[PDB]
Amino acid sequence: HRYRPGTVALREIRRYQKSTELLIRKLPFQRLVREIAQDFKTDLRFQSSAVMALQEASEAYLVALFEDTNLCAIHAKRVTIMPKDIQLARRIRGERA
Amino acid sequence: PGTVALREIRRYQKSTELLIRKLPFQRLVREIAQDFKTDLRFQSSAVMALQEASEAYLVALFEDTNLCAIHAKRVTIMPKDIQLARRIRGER
Amino acid sequence: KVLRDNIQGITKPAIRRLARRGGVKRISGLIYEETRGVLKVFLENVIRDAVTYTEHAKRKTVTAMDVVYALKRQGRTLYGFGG
Amino acid sequence: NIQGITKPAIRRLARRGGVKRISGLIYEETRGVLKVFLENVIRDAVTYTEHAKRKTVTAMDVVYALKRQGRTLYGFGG
Amino acid sequence: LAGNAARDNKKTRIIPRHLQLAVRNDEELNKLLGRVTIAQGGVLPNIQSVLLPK
DNA sequence: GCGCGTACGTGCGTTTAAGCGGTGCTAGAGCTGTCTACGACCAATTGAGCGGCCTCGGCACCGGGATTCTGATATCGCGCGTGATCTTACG
DNA sequence: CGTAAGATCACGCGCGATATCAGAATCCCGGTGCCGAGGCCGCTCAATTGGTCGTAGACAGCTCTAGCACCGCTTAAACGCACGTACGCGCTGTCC
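(A) Up close: the overall build of chain B. Along chain B, the regular secondary structure elements total 4 helices and 2 strands. Each helix and strand of chain B, placed in order from N terminus to C terminus, yields the pattern α-α-β-α-β-α. Here chain B, with 92 residues, has 48% of them falling under the buried criterion. In chain B, once contacts between residues fewer than 6 apart in sequence are set aside, the share between residues at least 24 apart is 44%. Computing the positive centroid from 17 side-chain charges and the negative centroid from 11, chain B places the two 3 Å apart.

(B) Region of interest: the interface of chain D and chain A. Facing the 45 residues of chain D at the interface are 52 residues of chain A. Of the roughly 4,900 Å² buried at the junction of chain D and chain A (both faces included), carbon and sulfur atoms supply 70%. Joining chain D to chain A, the criterion identifies 3 salt bridges. One salt bridge connects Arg-11 of chain D with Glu-12 of chain A, and the closest N-O pair in it is separated by 3.4 Å.

(C) Summary view of the side chain of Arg-24 of chain E. Within the fold, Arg-24 of chain E resides in helix 2 (residues 16–25). Buried charged residue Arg-24 of chain E carries no salt bridge. Nearest counter-charge: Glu-67 of chain A, at 9.4 Å. Within the local environment of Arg-24 of chain E, its side chain forms a polar contact with the side chain of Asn-30 of chain E, the two groups lying 3.4 Å apart. At 3.0 Å, the side chain of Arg-24 of chain E and the backbone oxygen of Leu-33 of chain E are in polar contact. Beyond its immediate chain neighbours, meaning those up to four positions away, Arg-24 of chain E contacts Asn-30, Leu-33, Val-36, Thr-37, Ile-38 and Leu-44 of chain E.

Reading the values: rules and limits
- Residues numbered from 1 in each chain as written, not as in the entry; some residues may be left out.
- Chains lettered and ligands numbered in written order.
- Part of a larger assembly, values for the part shown.
- Heavy atoms only, no water.
- Helix = DSSP H or I, 4+ residues; strand = E, 2+ residues; numbered from the N terminus.
- Buried < 20%, exposed > 50% of the residue type's maximum accessible area, 1.4 Å probe, protein only.
- Contact = heavy atoms within 4.5 Å.
- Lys, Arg positive; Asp, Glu negative; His and termini not counted.
- Charge placed at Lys NZ, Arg CZ, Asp CG, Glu CD.
- Buried area = accessible area lost by both parts, 1.4 Å probe.
- Salt bridge = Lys/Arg side-chain N within 4 Å of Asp/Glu carboxyl O.
- Polar contact = N/O pair within 3.5 Å; in protein donor to acceptor, adjacent residues only side chain to side chain.

Purely spatial values, then, with no claim about function.
Shown next, in the form of structure tokens:
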């Protein structure tokens, strides 16, 4: 049959909050890191542990940001996060101006 | 309604003089300190620095509260706005 | 002389002026008590740190330097009173 | 390159964050935010590496950078 | 607290997730590590009310 | 978008403790002279943690079986609407 | 006697909770292998003590200035009510 919209989302929330394995596949993230680094200095090498540290920190930061964004959306009687939610969250955090 | 609100906003954003009255604030600070340890005295400049910090903090908090209220298609700040602002700030 | 209920010394017009400097236009009734609570928490933390520094100094008087050090501890550095 | 951070990956990160419903423009906004964050952290890490006269950014550089930004990380030789 | 958690999760060896659970579930430790992200730590299970089915 | 309940603004009136100044008392901070305990270091001594190398196992994986959970449907129940029978009123 | 209004019973139609099927989740269990954890042995490298020196700190005494308290004065600041008006709450239509 068919699951009603919004149920598999909750199931995925339960599934992912119980696990700790990273959610961005390694190689695209690594290539993004190398691209970003290149603009600051040429011909650079990275220790795999450094890439893992970056990935851990970024993923944790994004998860926290999404938590705050979800709180913002809920504050507006909403259930879908929208760009304005992220902007407000970062603004209050003091990251964005 | 609401005109004098804007007038007051402009007036108090033009000036810098402190908004909380001096002697109630001093009494409150003395009480709070008393509960942490008895028989404390204060340099008046220490009280003034405490008041400056408190007022700056409260004005920034109110800015964030107003930002939260606008986010909810509202114009009046309400306690849940402050709670959201402090949560997002990482305060407890 | 005993001190009691001074937190109400933060009168409604004062909190209102503060919000005005914060750009707020319309203020709900319940805001005032929440603001008093927030102010009390902030003062408790700052004065806890300041009184700790004062105790280490073995002084019976709290100095502005103590307040400035406490504020710098809380990631709320302040200029204009030394340090 | 930046697009390699796939929409569904952002969906997984949000799910772990507790989000139920996601907007279309979110994905791109998240890509921008992640770009900025990586930019700052990697800038600091490189800065350290340059000062170390090494062509190989180390994990210690990343840890020190994250500490600078008030985002301390554990598990890589703190 | 981490050993307690590992017992609750029925494991003999502590892994990061146990440390994360012990820290975040504990109020004072969570406050102390307020600006620390623990590698392979994950998050606590927490679903907002309004997101739950009716 | 529409419709309804209402919190509190301005103004007015009333009342009060917050700043100035004036005096008076003074607590412990700040600045000189005495006196004394102890850690860096050098020699010499001794011993413990890190690493190399062995040994061992709690859990992942596979595969299978058993217990649970939404979506759909349908009966029981309750509530609303209509007709038939009994009752009362009028003609 | 005959017609019209009202109460109750029977029958029919509509909204809500809760018995059942069924595919997808989730948990438990038999049996195997492994890379990480644990222990023993060497080896440097680390920790401790005999004994010295200047250095910092503790102590005591003289000096006093803003810290504290009250009195009187003046007045800007704070609190209660009429009200009505825009704001908050709730229901509803549309389609993104």
